[PDB]
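Fold and contact review
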Amino acid sequence: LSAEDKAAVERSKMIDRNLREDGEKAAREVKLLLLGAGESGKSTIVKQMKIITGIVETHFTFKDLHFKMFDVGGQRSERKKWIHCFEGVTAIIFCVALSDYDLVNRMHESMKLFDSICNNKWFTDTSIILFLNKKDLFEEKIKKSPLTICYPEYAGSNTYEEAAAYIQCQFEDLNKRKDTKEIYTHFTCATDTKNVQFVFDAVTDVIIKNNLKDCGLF
Amino acid sequence: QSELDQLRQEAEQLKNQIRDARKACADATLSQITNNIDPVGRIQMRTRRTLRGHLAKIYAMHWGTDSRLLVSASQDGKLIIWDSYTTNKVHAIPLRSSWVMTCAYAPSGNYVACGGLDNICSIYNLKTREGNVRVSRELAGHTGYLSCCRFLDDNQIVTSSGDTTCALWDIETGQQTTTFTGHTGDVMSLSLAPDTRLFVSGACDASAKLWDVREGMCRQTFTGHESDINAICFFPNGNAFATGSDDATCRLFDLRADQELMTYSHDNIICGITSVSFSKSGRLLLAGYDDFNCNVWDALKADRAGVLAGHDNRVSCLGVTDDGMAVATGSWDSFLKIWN
Amino acid sequence: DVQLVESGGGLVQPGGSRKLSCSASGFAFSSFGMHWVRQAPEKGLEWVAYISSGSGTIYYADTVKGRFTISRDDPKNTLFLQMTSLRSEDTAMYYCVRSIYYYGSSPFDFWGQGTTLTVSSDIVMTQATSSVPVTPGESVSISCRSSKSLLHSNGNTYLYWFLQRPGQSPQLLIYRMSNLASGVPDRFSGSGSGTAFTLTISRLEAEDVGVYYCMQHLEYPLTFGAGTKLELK
Amino acid sequence: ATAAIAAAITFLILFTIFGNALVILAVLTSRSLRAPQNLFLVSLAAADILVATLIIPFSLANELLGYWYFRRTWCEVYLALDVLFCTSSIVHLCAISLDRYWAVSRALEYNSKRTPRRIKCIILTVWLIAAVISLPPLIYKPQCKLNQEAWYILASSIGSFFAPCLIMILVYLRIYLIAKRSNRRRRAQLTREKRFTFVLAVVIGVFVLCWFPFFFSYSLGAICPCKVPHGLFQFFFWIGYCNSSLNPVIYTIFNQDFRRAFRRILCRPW
Amino acid sequence: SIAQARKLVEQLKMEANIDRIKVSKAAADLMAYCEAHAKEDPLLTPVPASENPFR
Ligand SMILES: Cc1cccc([C@H](C)c2c[nH]cn2)c1C
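Residues numbered from 1 in each chain as written, not as in the entry; some residues may be left out. Chains lettered and ligands numbered in written order. Heavy atoms only, no water. Residues with missing side-chain atoms left out of burial classes, pairs and counts.

A separate point is the overall build of chain E. Summing up its helical and strand segments, chain E has two helices and zero strands in all. At 23 Å, chain E has a C-alpha radius of gyration far larger than the 10 Å of a compact globule built from 55 residues. In terms of overall dimensions, chain E has a C-alpha envelope of 65 × 30 × 10 Å along the principal axes. Relative to its 55 residues, chain E shows a buried fraction of 25%. Entry remark: accessible area of chain E is about 4000 Å², with carbon and sulfur atoms responsible for 55%. (Helix = DSSP H or I, 4+ residues; strand = E, 2+ residues; numbered from the N terminus. Rg over C-alpha atoms; globule rule 2.2 N^0.38 Å. Buried < 20%, exposed > 50% of the residue type's maximum accessible area, 1.4 Å probe, protein only. Areas by Shrake-Rupley, 256 points an atom, 1.4 Å probe, with all protein chains shown as cover.)

The subject of this paragraph is the sheet that holds strand β3 (residues 66-70) of chain A. All names here are of chain A. Strand order in this open sheet of six strands is β2-β3-β1-β4-β5-β6, and the pairing throughout is mixed. Both outer strands of the open sheet, β2 (57-61) and β6 (184-187), are each paired with one neighbouring strand and no more. Mean inter-strand twist for the sheet, computed between neighbouring axes without regard to direction, equals 25°. The sheet contact formed by β2 and β3 spans five bridges and is antiparallel. Each bridged residue has a counterpart across the sheet, and for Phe-60 the counterpart in β3 is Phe-67. Contacting β1 (32-35), β3, β5 (127-132) and β6, helix α5 (residues 197-214) runs over the sheet at an angle of about 170° to β6. (Pairing = 2+ DSSP bridges. Axes fitted to C-alpha atoms, helices over the stretch in contact; angles between N-to-C directions. Contact = heavy atoms within 4.5 Å.)

Here we come to the interface of chain B and chain C. At the interface, ten residues of chain B touch twelve residues of chain C. On the chain B side of the interface with chain C, the three residues burying the most area are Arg129(B), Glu130(B) and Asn132(B), jointly 52% of the side's total. At the boundary of chain B and chain C, one finds zero salt bridges. Remark: the boundary between chain B and chain C carries two residue pairs in polar contact. Split by residue class, the side of chain B that touches chain C holds two nonpolar, three polar and five charged. (Buried area = accessible area lost by both parts, 1.4 Å probe. Salt bridge = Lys/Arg side-chain N within 4 Å of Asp/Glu carboxyl O. Polar contact = N/O pair within 3.5 Å; in protein donor to acceptor, adjacent residues only side chain to side chain. Nonpolar A, V, L, I, M, F, W, Y, C, P; charged D, E, K, R; others polar.)

The subject of this paragraph is the interface of chain E and chain B. In this complex, chain E contributes 31 residues to the contact, which on the side of chain B involves 46 residues. Carbon and sulfur atoms make up 69% of the surface buried where chain E meets chain B, a total of about 3600 Å² over both sides. At the junction of chain E with chain B, the criterion picks out one salt bridge. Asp27(B) is the salt-bridge partner of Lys22(E), the closest N and O atoms lying 2.9 Å from each other. Between chain E and chain B we count four residue pairs in polar contact in total. Listing elements by their share of the side of chain E that touches chain B, those giving two or more residues are α1 (3-14) and α2 (23-36) of chain E. Sorting elements by how many residues they give to the side of chain E that touches chain B places α2(E) first, with eight residues. When grouped by side-chain class, the residues that make up the side of chain E that touches chain B number 17 nonpolar, five polar and nine charged.

Our focus in this paragraph is α1(E). Taking 1.5 Å of rise per residue, twelve residues should cover 16 Å, and α1(E) covers 16 Å from first to last C-alpha, within 8% of that figure. For α1(E), the set of buried residues is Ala5(E), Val9(E) and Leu12(E). Taken down its axis, α1(E) places every buried residue within 60° of arc, on the same side. Pointing more than 90 degrees away from the buried face of α1(E) are the exposed residues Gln4(E), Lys7(E) and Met14(E). Looking at the buried positions of α1(E), the neighbouring elements they touch are α1 (4-19) of chain B. (Expected span 1.5 Å × (residues − 1). Arc of directions from axis to C-beta.)

On to the environment of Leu44(D), then. Residues and elements named next belong to chain D. Following the sequence through the fold, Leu-44 ends up in helix α3 (residues 39-63). Sequence separation of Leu-44 and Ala-130 is 86 residues, and the distance between their C-alpha atoms is 13 Å. For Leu-44, the residues in contact, after removing those within four places along its chain, are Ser-89, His-92, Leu-93, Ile-96 and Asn-247.

Let's shift gears to the UniProt feature "disulfide bond" in chain D. A sulfur-sulfur distance of 2.0 Å is found between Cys75(D) and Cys144(D), whose disulfide is recorded in UniProt, and that is short enough to count the bridge as formed. Judged by relative accessible area, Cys144(D) falls into the buried class, the value being 13%. (Disulfide = S-S within 2.5 Å. UniProt positions renumbered as here; feature names shortened; annotations may be inferred.)

With that settled, consider the sheet that holds strand β13 (residues 171-174) of chain C. All names here are of chain C. The sheet built from five strands is open, its strands ordered β10-β17-β16-β12-β13 with mixed pairing. The open sheet has two free edges, formed respectively by β10 (132-133) and β13, since each of these has just one partner strand. Here β10 pairs with strand β17 (residues 228-231) via two bridges, running parallel. By the bridge assignment for β17, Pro-133 is matched with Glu-231.

For the six pairs of chains in contact, the largest share of contacts goes to chains B and E. If you take every C-alpha in chain A and every C-alpha in chain E, the smallest gap between them is 16 Å, and the two do not touch.

This brings us to the nonpolar core. Residues and elements named next belong to chain C. Within the largest apolar cluster, 73 residues are counted, with the highest numbers of intra-cluster contacts made by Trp-36, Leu-79, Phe-108 and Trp-161. Considering every element that reaches this core, the biggest residue donor is strand β4 (residues 45-51), with six residues. When residues of this core are assigned to domains, at least three fall in each of domain 1 (1-120) and domain 2 (121-226). Beyond its immediate sequence surroundings of up to four residues, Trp-36 is in contact with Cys-22, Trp-47, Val-48, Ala-49, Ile-70, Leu-79, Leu-81, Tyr-95 and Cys-96. (Core = buried A, V, L, I, M, F, W, Y, C linked by side-chain atoms within 4.5 Å. Domains from an automatic or database assignment.)

Looking now at the packing of α3(D) against helix α6 (residues 116-134) of chain D. Residue and element names in this part refer to chain D. Contact geometry for α3 and α6: axes closest at 10 Å, N-to-C directions at 30°. Relative to α6, the element α3 lies roughly parallel. Considering how the two elements wind past one another, α3 and α6 form a crossing that is right-handed. Touching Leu-39, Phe-40, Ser-43 and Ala-47 of α3 are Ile-119, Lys-120, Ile-122, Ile-123 and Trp-127, all from α6. By residue class, the composition of the contact of α3 with α6 is seven nonpolar, one polar and one charged. (Parallel < 35°, antiparallel > 145°, perpendicular 65-115°, else oblique. Left-handed = near helix turned anticlockwise from the far one by under 90°.)

Right, let's talk about the state of the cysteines for a bit. Throughout this description, disulfide means a covalent bond between two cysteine sulfur atoms. Residue and element names in this part refer to chain C. Under the criterion given, the structure shown has three disulfides over all chains. Here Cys-22 pairs with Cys-96 through a disulfide, and the sulfurs are 2.0 Å apart. Between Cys-22 and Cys-96 the disulfide shows an S-S torsion of about 60°. By sign, it is right-handed. In this pair, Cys-22 is assigned in strand β2 (residues 17-25) and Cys-96 in strand β8 (residues 93-99), connecting sequence segments 74 residues apart. Overall, the relative accessible area of 1% leaves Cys-22 in the buried class. In this model, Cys-144 is linked to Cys-214 through a disulfide, with the two sulfur atoms separated by 2.0 Å. Taking the sign of the S-S torsion, 90° for the link of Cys-144 and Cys-214, the bridge is right-handed. Taken as a pair, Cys-144 in strand β11 (residues 144-146) and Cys-214 in strand β16 (residues 211-216) lie far apart in primary sequence, 70 residues in all.

This is the structure:
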């Protein structure tokens, strides 16, 4: 037996060890997914996230740790047949704009888009994070036209603290499952450090919860 | 005046005059014919191989030429050229992308191809004496996502995307030859005739269009399903073809009689049908479902002739060789197994 | 298109110790095992050593072990051969050889220039007789008969037909007894069964005359014969 | 009479056959358990089966009709293996505890360092530490007793139990403080708090009530060469044996992935 | 607008001249193809280890 199989199993083992030592390098790094809307805010939040067709990755670094952003909006097709291929990710970013309420049912379209991702059968473990862009641009929106244009079922004041909190309250009360994942929300800013650092901390909490998923302390 | 509504009513008029002309001709059902047939027996078959080399999902597989070599794809951007006798792996191919939807192998044995969400069908060489794994060509003409692609020869390939279309490329020139526009839903998969003259395309609009290769126009459009269509394979003679859907009903269409013939209903679990396969000489239609199973339907009895064991995740691709001696199942838990 | 770089030296008295180098360019050097083929001036080929790809398999012959050492440097793409305690009967022409071993591969498919060094129970193979008159149009039946049966129920039969052109390095013709090498015409129709072998060369043209070697590769070391060359007369 | 009790000990051996190697199979054929924190559990199961199949039948032969036999020079080898395979188990337990501390104390920049090469380095390091503990019964020189000079028994007792037990107590108290910090819609919190309180209570309690009285009786004999009742000492020795059986129960049933693996193993015959 | 309502009418007018086959004849063809090649299918009937390179 094993005429030249003693040299064939050597090739069978070399590029099998290569698969292991190349898969560990891709499995130890953390991945962050990015949904959004139609050209809403996925260009402003990637101004800091730049560097070290279909979908294109974004491989930047922060505190000597490489992140991989996976865009979605480049796919001009349906979502029912490839959203299961993007599982195993740590954090899903769902960037939402605020100044698109007047143009038409755009904010009402983003609510049922947020509803389809929080009740997905494949994303029942990955925690989702939503941004709220145009923080300074939404402050001048209320004095011309309030938020109560197409809301007869809700009454409130015309202050900026009430308008920014009700959008955060309406998005958070959409998930049917509340035990596993926890929706995070952060208003953006014009700075560079505090725009991503909370997101940094957010990913930290997820892995801590993932460790509480591992030790059984959850 | 306003004859656009009349042009819309001409569609239903020509439908009722042409497609609803199957009342005095489509009379022979498959219960009077299949009464005096003989069954195949309870098929007891077990796994002979277990290819534990991958680390991600597997939903792309195509055989070799002499029923020897496997082509498999993972979600790490890795192609593996498996051997089916000694559990050997020959070529490990790193990829520029990471999410692979389909793969194919040449009918001669030289080239491979793979594609995914990056809208690039990359054709690679294996017989290169200078840097054994290298990039031959990278085709790109779609704006959605590549779904399934199969070879015709060492110079052409038939690809299909989610752009409600499918195309026939050219390896020698690098451009495209034709584009098969005129489709409504998302194209999911395709199969082709063994003499390579007619190919059947999949859909998400519950249709199975038989196209043409040379002339560049559509030939036949079918119906019958109430959901999407995930996998279509073609009969080894040229008469029929099977279609798998998401309502646990695998149907068997027909081209000569132009009538749907047999339905496969699984009354236990109503999960989808994500892979179909024929045998060598019929009478054994293999079907990989979403309920962690792999069932064996009969081509004339429509009862299950034995089951197959499952995995930790769903069986997503099937395969029967050119001679008919190896069934290969590929699931999402990296356990590409080879049955009897 | 690929290149193999070698060097040379002078005559060495019996009792020396040197190092030879083989460099490669044009292909990936890491994924090929490396042979050393030593050609005596009496036309008889013989084998020295083999190193594998993953540096875990080093093979020698019977009368070779002990005083020879092989090594390789993959970022430098070089092959080093340290020879100690040289004699007056082990100095000859050398060849550094790339070879890969998988299903559908071609071992001994491209050799190199090599070096010149001068001074001053295996498997029995039969090669007789190296004097056959050929014309441009005459066929030939080269006799190469083995003793051990090469039917492993595998079913690869491991015999290799090589052609040596006069003046340059020899090249492969037939690998695994029934295939055809890349860049070789289809005149070399070879076949056989178990023990018998036949190399039918029909429609001959007077441009590829040389020495025909048949090599047996079921067990180590590499067994050879004596040589089979043609003639115009 | 007595041997039926030993038959229960035999049943004890059977559970060490049943659990540990099965846990090894739960690492071998899995996809969700490919994470590199399970090599510690593989080495712990290997250490437990090396406790069982090498030490426990000879202990059963030694306790029943007490005198040492089957050779003359096997006494030192048996004492060395008995110290080695148990000290290895204790240091694998404190290594699991330290890895679970380093999981949540530094979250992001530790996963770039938690490589299986580092895990194998920690495993070989703690096996070499156990070998250093088990060496001074080999070097420096019919009842096969357990007795050495006063310099070794204190050092071996401390470096076997009293430093890893103190490290595990401080680590799991820090884990309890972190899990109290990482908890803050109310009925899913007040029961979750009792859940991880019960888990961190059982993990820190079964180890203490399973090892601490034997090391207390083993350390009072060098502090005060005063109480030798010879009744509770052998019972504490068997209680010290019992963790080689109790290890697959604690560290596996509290996770969803190990329970899913046990379910897919035990559902295929049924 | 007009072209998408015209191409469907052209497709329905080009899918009219099809000389179809009787359904019983097309079923007899599929029956005869499975009957004639019933001994060249080594998956319907198992083969021993001498006729199989797997076992
Ligand atoms: C110091 C030390 C370290 C490890 C094991 C032991 C004894 C032999 C024991 C405890 N339980 C099982 N055997 C000692 C004394």
